[PDB]
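This document starts with one chain, in the form deposited in one PDB entry, laid out as structure tokens.
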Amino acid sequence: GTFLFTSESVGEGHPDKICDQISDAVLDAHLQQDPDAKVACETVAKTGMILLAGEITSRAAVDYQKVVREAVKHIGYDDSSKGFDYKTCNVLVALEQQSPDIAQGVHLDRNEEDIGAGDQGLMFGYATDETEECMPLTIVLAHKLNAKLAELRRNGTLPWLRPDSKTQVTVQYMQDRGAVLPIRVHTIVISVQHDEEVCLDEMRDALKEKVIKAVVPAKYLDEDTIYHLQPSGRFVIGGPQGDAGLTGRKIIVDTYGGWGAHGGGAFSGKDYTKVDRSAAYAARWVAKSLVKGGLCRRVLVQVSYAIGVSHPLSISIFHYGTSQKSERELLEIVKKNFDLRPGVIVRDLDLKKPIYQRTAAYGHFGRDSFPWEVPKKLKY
């Protein structure tokens, strides 16, 4: 009665993930000077090139050349020997204003709290008690592996490391009345950009002893665990040189790594008025509140908004059968505790502050200091 499941994650240097950070760094820059800034900023990253295309209406003056390179600096690409240098790369800006047709039917002369929607409902939110982060173990480990890599690369423990990295974790599960119990780690994949000096033997030894065994609890690792460490063999070429990078091409890494469901919208580069991001954060907030409240062990929340309606038009709770209360009993507790109007979400989750660059790497969900990761004490 077992099954497998697999999730992936990337490091700060992945060309797609570089764009997510640059797009949200641009967003943080405008929100710092203009909390009411409308930002829709995409980023393209190819060899020696960072392009900013999109639409922005803001009272803020932003040094885009500075913001981009400071973001590329923090990721760690600072020399030609690594494939990309924040000091000498090309930065192109093709940013205009928010499209005049999109501005009139969404914002301009609205009363914040009673804005309904210019769009539809979709929007999913997921939570599970298999980890204390209330996230699937597959992606929690996948995120933490890339973070340990960047941790050891910056302090000089493994100076041969380079920013671009990808991981993948397969966990063997067992069903337990809708809930899933992780029993062991089946397969681990690690591919990281490296120096020209270190040999393939020293890397795989370090990836297993200083990274994997430092991140994965030993109770999940046994003699049958499969390790694909540097399976491509060579990996000195990385970053925007090895693959074209685009904002919003890791949305499954950004969310639940395959678990739950996804509507389609990407997060990075969009301010709070994009219901693609604010309501996605809110559904996770509700989902985590239910599991940590003891009202279920697994849950999937879907919030079906409508256009000319501020409140949610339909909330359906899928608890997979992990609750004593029915999937409609929890509905009463949801609306008794949560106000999921879009304009009210920004007030409760404090979505006007510039915190979005920190979300554009290692997952928007499951990490400590985020408003939507602190469960709300439910009253019922």
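Definition used throughout: the rigid core is the maximal C-alpha set that superposes within 1.5 Å between two forms. From 1 onward, residues are counted along the sequence shown.
Separately, the form deposited in another entry exists; it is not shown, and the next lines address it.
Core-superposed comparison between this form and the one not shown: among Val236, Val309, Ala214, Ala244, the single residue whose C-alpha moves by 2 Å or more is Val309. Taking the rigid core as fixed, one finds a CA shift for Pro182 smaller than 2 Å between this form and the one not shown. In the core-superposed comparison between this form and the one not shown, the C-alpha atom of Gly118 has shifted by at least 2 angstroms.
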